[PDB]
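Written out below as structure tokens is the structure these notes cover.
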Amino acid sequence: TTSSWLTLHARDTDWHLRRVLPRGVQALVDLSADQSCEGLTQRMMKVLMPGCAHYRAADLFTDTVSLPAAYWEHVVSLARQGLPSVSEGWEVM
Amino acid sequence: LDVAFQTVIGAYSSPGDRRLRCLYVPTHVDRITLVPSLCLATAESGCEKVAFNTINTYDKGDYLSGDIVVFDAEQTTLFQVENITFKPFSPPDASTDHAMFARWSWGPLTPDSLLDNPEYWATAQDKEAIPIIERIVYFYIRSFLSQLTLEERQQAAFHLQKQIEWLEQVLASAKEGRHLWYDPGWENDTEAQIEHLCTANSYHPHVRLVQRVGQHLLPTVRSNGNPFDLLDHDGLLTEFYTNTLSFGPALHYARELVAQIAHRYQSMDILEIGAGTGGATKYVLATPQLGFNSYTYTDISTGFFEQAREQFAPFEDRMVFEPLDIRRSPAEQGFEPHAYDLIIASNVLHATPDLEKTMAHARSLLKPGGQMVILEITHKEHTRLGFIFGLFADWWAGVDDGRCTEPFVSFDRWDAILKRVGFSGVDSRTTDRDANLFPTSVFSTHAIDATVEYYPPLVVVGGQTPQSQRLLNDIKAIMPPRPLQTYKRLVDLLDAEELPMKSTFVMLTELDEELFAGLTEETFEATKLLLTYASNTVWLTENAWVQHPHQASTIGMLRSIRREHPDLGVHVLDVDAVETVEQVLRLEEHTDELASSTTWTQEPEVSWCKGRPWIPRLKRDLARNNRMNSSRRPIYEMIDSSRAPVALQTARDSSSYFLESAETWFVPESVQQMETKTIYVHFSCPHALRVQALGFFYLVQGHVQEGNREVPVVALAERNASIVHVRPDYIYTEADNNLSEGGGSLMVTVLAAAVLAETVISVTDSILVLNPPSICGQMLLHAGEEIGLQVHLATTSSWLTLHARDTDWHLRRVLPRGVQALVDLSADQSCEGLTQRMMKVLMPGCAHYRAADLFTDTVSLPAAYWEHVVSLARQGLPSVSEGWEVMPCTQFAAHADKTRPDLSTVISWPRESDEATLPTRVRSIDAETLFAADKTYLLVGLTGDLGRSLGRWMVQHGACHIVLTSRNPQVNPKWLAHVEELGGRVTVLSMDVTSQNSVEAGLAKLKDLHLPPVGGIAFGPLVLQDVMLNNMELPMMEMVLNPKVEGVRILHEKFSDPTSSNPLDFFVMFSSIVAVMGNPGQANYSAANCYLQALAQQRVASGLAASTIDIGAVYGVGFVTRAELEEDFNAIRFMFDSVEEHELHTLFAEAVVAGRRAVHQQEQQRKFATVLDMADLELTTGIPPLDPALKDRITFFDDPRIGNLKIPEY
Amino acid sequence: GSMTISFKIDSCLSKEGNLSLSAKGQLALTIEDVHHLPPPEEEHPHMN
Ligand SMILES: NC(=O)c1ccc[n+]([C@@H]2O[C@H](COP(=O)([O-])OP(=O)(O)OC[C@H]3O[C@@H](n4cnc5c(N)ncnc54)[C@H](OP(=O)(O)O)[C@@H]3O)[C@@H](O)[C@H]2O)c1
């Protein structure tokens, strides 16, 4: 996180990422909605395993669109593991 | 901000270390980042003083890379820097090279009396070369003799002998001279016979010149034409001198003799008379690292000098050009009399009829005792050299001497004349037992003078041991009439009632009980008394360096004494076997001799090995010097990629590709990486291919040695090298000829890429691959068919023939809508934009893979994998020929481009040494992993800054378990955490190596901590007492020795078992350069370090890994830094060069590599029996280029041991 | 809230010569209409 979580920071140096980032990672999933972290993400591709799989927020969240029951069953099961984490109207608008 | 940048240099280099050997200026800053609010707040606050941290991220030397973080007092970051790249103001040059590394070149105390190298014998073909031309003439040679001499008078009197100045008598007598060989029925047919020789080696130049001059000697026979210019511009006479295996071996022996002489006498003023074109100069001066203080290139004519200035530019700094007429006095010609240490007459004394006077001139220029090396004709043989020799225009000038030409002086008559003209006679000769070396047999002589005396009181100490008793009796019998005193033991000397204070001492004590084994018996006070009463002294040791480390401690103490008391002549004689005489008297009388202004040198430390005397000299070990400096600039060395691992490595910036040394330097980890097969690569893929998310591997093909079978195989290497070490899991061992040379590698590479594309995506029902290789397209279609994945092919050159810069609408029209993944294999980046447009038209969230995701230049398995790969390849092998895109590694490195990868290209690695011997870009010793993760590395006494830096470097290079030891191991636990972040568990042992109990307790605590077995030791405990021996006290001696001496003794006893399951990969004992040269006030320290050296040497001789590093002044870290002695050592820098923290790491790395290499060579039956064989173990370091201008300040400049390390003087 | 600016400091040592490139790069400004950097490392422990 650029805000347990590995409390990174945007504009962090590649050397610092090498120092802190685990070397066993094989894939990177950048869910940072703010694009400021993008550069950091690029640096991760330099420090992480070569050919490490990369997925940006656009690869998991998008504004354009133009299934096994086990899918939503597992989804709700996992959600039930952490529902109390927040209130009902956390970000309702 | 510029000061912040300077912080990067500071992290890179400490004050007084000189790690910043060139001016780096910031060239490329990857990312600065400034918080303007905070910077303005700090500026206006008035504090105007902010803290900073900085990492010297890259420090190899070619360009520094640093990350800076400047922050306020409250620790808020005002601004930071990331990968600011300081590049040299100008590219580094060899002048910027750090020459700290040096080796004990062990060479003879005198040149061999008979140069008899088998490699330089008259080979069988040569012993068939000359004898064949003999066969032509042997029939009536006894009758031809006189006639032949007449033919050889063609410069002086042949044109008069038979009225041959007339062209009729020319056509008669020239052909008659040729028939003096061709008469026995050969006649003109010999011309064909001559050609029959010229066709091959060992006879080409000589008999070819015979042909070329005999066919054109008619004008020369009448003394009209030029005897040798008859063939234009010396067509082969230079070739005859340089290449003939009869003339050539004499020149090889000349090089050997000059090498031995320059080794024994360093910084010689060398004058080569008769150099001419410089062939002899090339041969002799080509010796690697020979001690020439000044090379006076010389010939009777200046015309050759220009060529020399072109041929010998590397030596031009030391070389000067001046002409000399040996027929004339040299002083009249400007040469300073008796100002030359050595002269080399290269087959030119026969060109002067004043032979005796020319040799007298050579004496006039030589300093007393100077070395004259003569290559000249001797022991004439008529059947072998008549034709060409009998022609020249001044070779017959010398018949005035009495015999034919300037006589073929026999070595006996050479000796007679040479003695008459003021020399020592024929000291050395070349093996001339059979033939072919008589025209060029080389001789070595001294410029004799008052010279050696083969008076001051003599005192012998020792003689207790029966061998010592025998040697004492031999000394008594052989010593000339001199005042004599004798004492059984040095303690008895301390009990001596009266001793002469100008005594010359001969100490056999080291043969008996050593001083350093019994210093507690007042032997140290006795040594003080010996120094006080001694003006000269010689110690005798019985294989001190290899069998008696106490004797070596004595050697080191005396080595430092030679510096402390320069008026006190100190000599040490190390004998591998005392039973094997007559030389200790010689060395004692040498010590009595103090001719400082003459060539003869003191011989401060001699070693008797294999029945001969030898001496060590410190010569820059250009191998490891090049390895260290390659970290800073592109150092190239002639490496054989066929037998030495050579990797076609991409540049750091990926600018291009270059061959570099891929030597792993004997990493012992081949158990978890079980059965790592060695593949001698014939063909390989330049780019590494991703393999089922396991990583990137270079597809290689080549031989593997299985019972001497060169079994072809194909594997997935990780280095792209001529020789690879890869686990069997990544090897396809079948020797299928269908996977032809190069072609098979191409197909297997293509299928590796295709299987990667199919697997990393498989989940999808249809994918698109953009601009793949045609082979890649076919194999991708095959793989998709086999895996049931609908693969579409698009090409920007069936395939969907797209085009670069195509519109998104066109792509929507043509591109299939079922595609779920995109695989851009377009090596050319032009298609990149097109690819982006595809991401707009293809399915949203479509998986994307670029060429970089499947092909790369950096790397940093089920059998079913390669089985499927080869099966798919076999579906499309006939698509192309074997050599579709084969290019040699050299051509690829010269013309390849990382930004333009050429997929489906194959490098053809040369396999023959001649083909593979190439200029390879040297690799740093610590560029690769050097240590095993399953072993503990014990840095004894290395708990300070130096030891902690060494440990962090170790873990950076594979050491996952490190144990720092010290009686007071003050280390921050958070530092252990930091080194753990590097990937290694580091602990402090609190082990006092002085006590056996403490060492055992520490080693048991290692097991208590459950650490792996000790696989190496970095022994560097240190205690210093800067005091003179006369003012020193035995408690100080023990204080400095026991941490070193007793520590190494205890640890060796604990690890002296070569049959143990966990032998030490290395036993590096941190010696000081004073151990190699001494230092005033540190004889204690030098003796301790020499005990370390001898323990390492005898431990290697025992089959156990060990080595020593004779470190100079470590400025970045060590006692020099914590004690703030940087200024003090800088004041004496010319004496001790600075060793950086990371240069110290490099030195330790090379010492570890030397220990492992010594162990492996022991597996190759290297005995290391004597001191001559263990120069590689002791890495001499910290000696700067010795400037003669600072000869006064340098207290050891007069020591010949450092002779090769001296700078030009004029 | 961003501004990307390609910058080039061209230099000419003397009026006789042409204008050359002394430096180049990009600028990324995080801006507003009017702790932004990682905290420094822990004051690296032991340093001569
Ligand atoms: N001028 C040169 O040639 C030069 C320069 C630098 C280094 N070196 C070499 O590199 C090695 C390390 O040098 P350094 O600068 O780092 O010296 P250092 O700072 O003093 O480190 C050596 C430590 O080993 C400790 N030690 C461990 N076992 C000991 C014992 N049984 N008795 C006494 N002390 C013991 C010493 O005392 P503590 O336990 O209390 O720490 C000492 O602090 C040296 O051994 C030397 O061979 C040579």
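Please note that chains go A, B, ... in the order of the structure tokens, that every chain numbers its residues from 1, and that ligands are numbered from 1 in the order shown.
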**Study point:** Test item: chain C residues at most 9 Å from chain B, counting only C-alpha atoms, as an MDAnalysis selection string
**Key:** chainID C and resid 23 25 28 35:48
Practice item. With a cut-off of 6 Å and counting only C-alpha atoms, select all residues of chain A in contact with chain B and give the selection as an MDAnalysis selection string. Key: chainID A and resid 13 51 59
Practice item. All residues within 6 Å of ligand 1 are required, counting only C-alpha atoms and all ligand atoms; please report them as a ChimeraX atom specification. Key: /B:941-942,944,946,966-969,992-994,1020-1023,1043,1070-1073,1111-1114,1118-1119
I need the chosen residues saved as a tab-separated table (two decimals), in the first residue's frame, with N, CA, C and O atoms.
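To be explicit, this is the file written out as again-v4.tsv:
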```tsv
chain	number	residue	atom	x	y	z
B	941	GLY	N	38.05	-12.64	13.75
B	941	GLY	CA	38.53	-11.30	13.96
B	941	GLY	C	37.91	-10.27	13.05
B	941	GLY	O	38.24	-9.08	13.16
B	942	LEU	N	37.02	-10.68	12.15
B	942	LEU	CA	36.37	-9.79	11.19
B	942	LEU	C	35.00	-9.35	11.69
B	942	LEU	O	33.97	-9.58	11.05
B	944	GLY	N	34.85	-6.00	12.82
B	944	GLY	CA	34.91	-4.57	12.62
B	944	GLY	C	34.28	-4.18	11.29
B	944	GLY	O	33.58	-4.94	10.64
B	946	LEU	N	35.76	-3.61	8.45
B	946	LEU	CA	36.30	-4.43	7.36
B	946	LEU	C	35.61	-5.78	7.32
B	946	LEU	O	35.15	-6.23	6.26
B	966	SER	N	35.17	-12.54	17.32
B	966	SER	CA	36.02	-11.55	17.96
B	966	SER	C	35.87	-11.70	19.46
B	966	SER	O	34.81	-12.09	19.95
B	967	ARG	N	36.95	-11.40	20.19
B	967	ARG	CA	36.86	-11.41	21.64
B	967	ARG	C	35.88	-10.36	22.14
B	967	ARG	O	35.30	-10.51	23.23
B	968	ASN	N	35.67	-9.29	21.37
B	968	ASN	CA	34.69	-8.25	21.68
B	968	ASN	C	33.91	-7.94	20.41
B	968	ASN	O	34.15	-6.92	19.74
B	969	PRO	N	32.96	-8.80	20.03
B	969	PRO	CA	32.23	-8.62	18.76
B	969	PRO	C	31.11	-7.60	18.87
B	969	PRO	O	29.92	-7.91	18.98
B	992	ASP	N	37.26	-15.97	21.07
B	992	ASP	CA	38.64	-15.52	21.16
B	992	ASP	C	39.53	-16.60	20.58
B	992	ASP	O	39.75	-17.64	21.21
B	993	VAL	N	40.05	-16.37	19.37
B	993	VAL	CA	40.80	-17.40	18.66
B	993	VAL	C	42.14	-17.70	19.32
B	993	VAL	O	42.83	-18.64	18.89
B	994	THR	N	42.53	-16.94	20.34
B	994	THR	CA	43.81	-17.18	21.00
B	994	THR	C	43.79	-18.49	21.78
B	994	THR	O	44.83	-19.15	21.90
B	1020	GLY	N	41.33	-13.02	10.04
B	1020	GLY	CA	41.93	-11.71	10.07
B	1020	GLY	C	41.97	-11.04	11.44
B	1020	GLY	O	41.87	-9.82	11.53
B	1021	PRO	N	42.13	-11.81	12.52
B	1021	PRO	CA	42.33	-11.18	13.82
B	1021	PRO	C	43.61	-10.37	13.83
B	1021	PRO	O	44.61	-10.76	13.23
B	1022	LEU	N	43.59	-9.23	14.51
B	1022	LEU	CA	44.69	-8.29	14.45
B	1022	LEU	C	44.94	-7.65	15.80
B	1022	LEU	O	44.00	-7.19	16.46
B	1023	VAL	N	46.20	-7.61	16.20
B	1023	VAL	CA	46.67	-6.79	17.31
B	1023	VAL	C	47.99	-6.16	16.88
B	1023	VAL	O	48.87	-6.86	16.36
B	1043	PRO	N	47.07	-14.17	18.58
B	1043	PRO	CA	45.84	-13.98	17.80
B	1043	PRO	C	45.99	-14.44	16.37
B	1043	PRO	O	45.05	-15.02	15.80
B	1070	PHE	N	44.32	-13.17	6.48
B	1070	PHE	CA	44.51	-11.77	6.09
B	1070	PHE	C	45.90	-11.32	6.51
B	1070	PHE	O	46.13	-10.88	7.64
B	1071	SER	N	46.84	-11.44	5.58
B	1071	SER	CA	48.19	-10.94	5.80
B	1071	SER	C	48.28	-9.48	5.36
B	1071	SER	O	47.46	-8.97	4.59
B	1072	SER	N	49.29	-8.79	5.88
B	1072	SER	CA	49.58	-7.42	5.49
B	1072	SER	C	50.73	-7.41	4.50
B	1072	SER	O	51.61	-8.28	4.52
B	1073	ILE	N	50.73	-6.40	3.62
B	1073	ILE	CA	51.77	-6.30	2.61
B	1073	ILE	C	53.14	-6.18	3.26
B	1073	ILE	O	54.15	-6.47	2.62
B	1111	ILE	N	47.47	-7.66	2.22
B	1111	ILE	CA	46.70	-6.44	2.02
B	1111	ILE	C	47.57	-5.23	2.32
B	1111	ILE	O	48.44	-5.25	3.21
B	1112	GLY	N	47.35	-4.16	1.57
B	1112	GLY	CA	47.98	-2.89	1.85
B	1112	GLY	C	47.21	-2.13	2.91
B	1112	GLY	O	46.68	-2.73	3.85
B	1113	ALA	N	47.13	-0.81	2.77
B	1113	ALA	CA	46.42	0.03	3.72
B	1113	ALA	C	44.96	0.12	3.30
B	1113	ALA	O	44.64	0.71	2.26
B	1114	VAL	N	44.08	-0.47	4.10
B	1114	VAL	CA	42.65	-0.43	3.82
B	1114	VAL	C	42.08	0.85	4.41
B	1114	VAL	O	41.92	0.97	5.63
B	1118	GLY	N	38.60	-0.92	8.42
B	1118	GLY	CA	39.70	-1.54	9.14
B	1118	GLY	C	40.23	-0.64	10.24
B	1118	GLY	O	39.71	0.45	10.51
B	1119	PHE	N	41.31	-1.12	10.87
B	1119	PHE	CA	41.93	-0.35	11.95
B	1119	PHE	C	42.42	1.00	11.45
B	1119	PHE	O	42.43	1.98	12.20
```
Per-residue nearest contacts of chain A to chain C (9 Å; only C-alpha atoms) as JSON lines:
```
{"residue": "A:8", "atom": "CA", "partner": "C:38", "partner_atom": "CA", "distance": 7.9}
{"residue": "A:9", "atom": "CA", "partner": "C:38", "partner_atom": "CA", "distance": 5.5}
{"residue": "A:10", "atom": "CA", "partner": "C:37", "partner_atom": "CA", "distance": 7.2}
{"residue": "A:11", "atom": "CA", "partner": "C:37", "partner_atom": "CA", "distance": 6.8}
{"residue": "A:12", "atom": "CA", "partner": "C:38", "partner_atom": "CA", "distance": 6.4}
{"residue": "A:16", "atom": "CA", "partner": "C:41", "partner_atom": "CA", "distance": 8.9}
{"residue": "A:36", "atom": "CA", "partner": "C:2", "partner_atom": "CA", "distance": 8.9}
```
Practice item. Skip residue 1046 (chain B) itself and residues of its chain fewer than 4 positions away, then list as a ChimeraX atom specification all residues within 9 Å of it, counting only C-alpha atoms. Key: /B:993-996,1041-1042,1050-1051
Practice item. Taking the chain letters and numbering used in this document, name the residues of region 257-334 of chain B that DSSP puts in alpha helix (DSSP H), as a PyMOL selection string. Key: chain B and resi 257-264+279-285+305-311
Limited to N, CA, C and O atoms, could you put the picked residues into a file as a PDB file, in the first residue's frame?
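Saved file part35.pdb follows:
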```pdb
ATOM      1  N   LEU B 257      66.421 -16.962 -21.539  1.00  0.00           N
ATOM      2  CA  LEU B 257      67.581 -16.436 -20.830  1.00  0.00           C
ATOM      3  C   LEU B 257      67.349 -14.995 -20.396  1.00  0.00           C
ATOM      4  O   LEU B 257      67.656 -14.617 -19.260  1.00  0.00           O
ATOM      5  N   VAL B 258      66.807 -14.173 -21.296  1.00  0.00           N
ATOM      6  CA  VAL B 258      66.549 -12.777 -20.961  1.00  0.00           C
ATOM      7  C   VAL B 258      65.504 -12.687 -19.860  1.00  0.00           C
ATOM      8  O   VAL B 258      65.602 -11.845 -18.961  1.00  0.00           O
ATOM      9  N   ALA B 259      64.486 -13.545 -19.914  1.00  0.00           N
ATOM     10  CA  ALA B 259      63.468 -13.553 -18.873  1.00  0.00           C
ATOM     11  C   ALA B 259      64.081 -13.885 -17.524  1.00  0.00           C
ATOM     12  O   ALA B 259      63.825 -13.202 -16.527  1.00  0.00           O
ATOM     13  N   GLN B 260      64.911 -14.929 -17.474  1.00  0.00           N
ATOM     14  CA  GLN B 260      65.541 -15.304 -16.213  1.00  0.00           C
ATOM     15  C   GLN B 260      66.434 -14.185 -15.692  1.00  0.00           C
ATOM     16  O   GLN B 260      66.409 -13.864 -14.496  1.00  0.00           O
ATOM     17  N   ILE B 261      67.218 -13.569 -16.576  1.00  0.00           N
ATOM     18  CA  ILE B 261      68.152 -12.531 -16.151  1.00  0.00           C
ATOM     19  C   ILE B 261      67.396 -11.310 -15.640  1.00  0.00           C
ATOM     20  O   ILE B 261      67.709 -10.764 -14.576  1.00  0.00           O
ATOM     21  N   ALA B 262      66.384 -10.865 -16.391  1.00  0.00           N
ATOM     22  CA  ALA B 262      65.618  -9.696 -15.981  1.00  0.00           C
ATOM     23  C   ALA B 262      64.812  -9.974 -14.723  1.00  0.00           C
ATOM     24  O   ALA B 262      64.565  -9.060 -13.928  1.00  0.00           O
ATOM     25  N   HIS B 263      64.383 -11.221 -14.524  1.00  0.00           N
ATOM     26  CA  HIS B 263      63.739 -11.582 -13.270  1.00  0.00           C
ATOM     27  C   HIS B 263      64.714 -11.455 -12.112  1.00  0.00           C
ATOM     28  O   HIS B 263      64.428 -10.782 -11.116  1.00  0.00           O
ATOM     29  N   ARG B 264      65.885 -12.083 -12.231  1.00  0.00           N
ATOM     30  CA  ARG B 264      66.849 -12.025 -11.139  1.00  0.00           C
ATOM     31  C   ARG B 264      67.372 -10.607 -10.946  1.00  0.00           C
ATOM     32  O   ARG B 264      67.432 -10.112  -9.815  1.00  0.00           O
ATOM     33  N   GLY B 279      63.068  -8.653 -34.642  1.00  0.00           N
ATOM     34  CA  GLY B 279      62.585 -10.003 -34.404  1.00  0.00           C
ATOM     35  C   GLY B 279      63.103 -10.573 -33.098  1.00  0.00           C
ATOM     36  O   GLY B 279      62.342 -11.121 -32.296  1.00  0.00           O
ATOM     37  N   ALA B 280      64.409 -10.442 -32.862  1.00  0.00           N
ATOM     38  CA  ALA B 280      64.965 -10.835 -31.572  1.00  0.00           C
ATOM     39  C   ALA B 280      64.420  -9.954 -30.457  1.00  0.00           C
ATOM     40  O   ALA B 280      64.156 -10.435 -29.348  1.00  0.00           O
ATOM     41  N   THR B 281      64.260  -8.658 -30.731  1.00  0.00           N
ATOM     42  CA  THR B 281      63.630  -7.774 -29.758  1.00  0.00           C
ATOM     43  C   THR B 281      62.216  -8.241 -29.444  1.00  0.00           C
ATOM     44  O   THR B 281      61.817  -8.298 -28.276  1.00  0.00           O
ATOM     45  N   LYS B 282      61.444  -8.588 -30.475  1.00  0.00           N
ATOM     46  CA  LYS B 282      60.101  -9.109 -30.246  1.00  0.00           C
ATOM     47  C   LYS B 282      60.146 -10.354 -29.373  1.00  0.00           C
ATOM     48  O   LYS B 282      59.399 -10.469 -28.395  1.00  0.00           O
ATOM     49  N   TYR B 283      61.027 -11.296 -29.707  1.00  0.00           N
ATOM     50  CA  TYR B 283      61.067 -12.558 -28.978  1.00  0.00           C
ATOM     51  C   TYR B 283      61.421 -12.337 -27.513  1.00  0.00           C
ATOM     52  O   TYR B 283      60.694 -12.774 -26.615  1.00  0.00           O
ATOM     53  N   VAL B 284      62.530 -11.643 -27.251  1.00  0.00           N
ATOM     54  CA  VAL B 284      63.011 -11.521 -25.878  1.00  0.00           C
ATOM     55  C   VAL B 284      62.110 -10.595 -25.068  1.00  0.00           C
ATOM     56  O   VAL B 284      61.739 -10.908 -23.930  1.00  0.00           O
ATOM     57  N   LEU B 285      61.741  -9.446 -25.635  1.00  0.00           N
ATOM     58  CA  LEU B 285      60.936  -8.466 -24.922  1.00  0.00           C
ATOM     59  C   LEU B 285      59.475  -8.872 -24.808  1.00  0.00           C
ATOM     60  O   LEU B 285      58.729  -8.237 -24.055  1.00  0.00           O
ATOM     61  N   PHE B 305      64.735   1.933 -36.825  1.00  0.00           N
ATOM     62  CA  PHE B 305      64.169   2.498 -35.605  1.00  0.00           C
ATOM     63  C   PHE B 305      62.694   2.830 -35.778  1.00  0.00           C
ATOM     64  O   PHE B 305      61.875   2.523 -34.902  1.00  0.00           O
ATOM     65  N   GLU B 306      62.329   3.449 -36.903  1.00  0.00           N
ATOM     66  CA  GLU B 306      60.923   3.750 -37.148  1.00  0.00           C
ATOM     67  C   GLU B 306      60.071   2.500 -36.978  1.00  0.00           C
ATOM     68  O   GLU B 306      59.090   2.498 -36.226  1.00  0.00           O
ATOM     69  N   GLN B 307      60.462   1.410 -37.642  1.00  0.00           N
ATOM     70  CA  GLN B 307      59.722   0.162 -37.493  1.00  0.00           C
ATOM     71  C   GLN B 307      59.629  -0.239 -36.029  1.00  0.00           C
ATOM     72  O   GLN B 307      58.556  -0.622 -35.548  1.00  0.00           O
ATOM     73  N   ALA B 308      60.740  -0.135 -35.297  1.00  0.00           N
ATOM     74  CA  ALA B 308      60.708  -0.436 -33.872  1.00  0.00           C
ATOM     75  C   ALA B 308      59.703   0.458 -33.160  1.00  0.00           C
ATOM     76  O   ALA B 308      58.886  -0.016 -32.363  1.00  0.00           O
ATOM     77  N   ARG B 309      59.731   1.759 -33.461  1.00  0.00           N
ATOM     78  CA  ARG B 309      58.784   2.680 -32.847  1.00  0.00           C
ATOM     79  C   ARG B 309      57.346   2.298 -33.157  1.00  0.00           C
ATOM     80  O   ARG B 309      56.437   2.687 -32.418  1.00  0.00           O
ATOM     81  N   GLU B 310      57.123   1.544 -34.233  1.00  0.00           N
ATOM     82  CA  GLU B 310      55.802   1.015 -34.541  1.00  0.00           C
ATOM     83  C   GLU B 310      55.569  -0.336 -33.879  1.00  0.00           C
ATOM     84  O   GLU B 310      54.449  -0.630 -33.450  1.00  0.00           O
ATOM     85  N   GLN B 311      56.611  -1.165 -33.791  1.00  0.00           N
ATOM     86  CA  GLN B 311      56.455  -2.504 -33.236  1.00  0.00           C
ATOM     87  C   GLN B 311      56.467  -2.504 -31.715  1.00  0.00           C
ATOM     88  O   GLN B 311      55.800  -3.343 -31.096  1.00  0.00           O
TER      89      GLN B 311
END
```
Check your understanding: Near region 553-568 of chain B, within 7 Å and counting only C-alpha atoms, which residues show up once chain neighbours fewer than 2 positions away are dropped, as a PyMOL selection string?
Key -> chain B and resi 515-516+534-536+549-551+570+572+1075+1077-1084+1086-1088+1090-1091+1195-1196
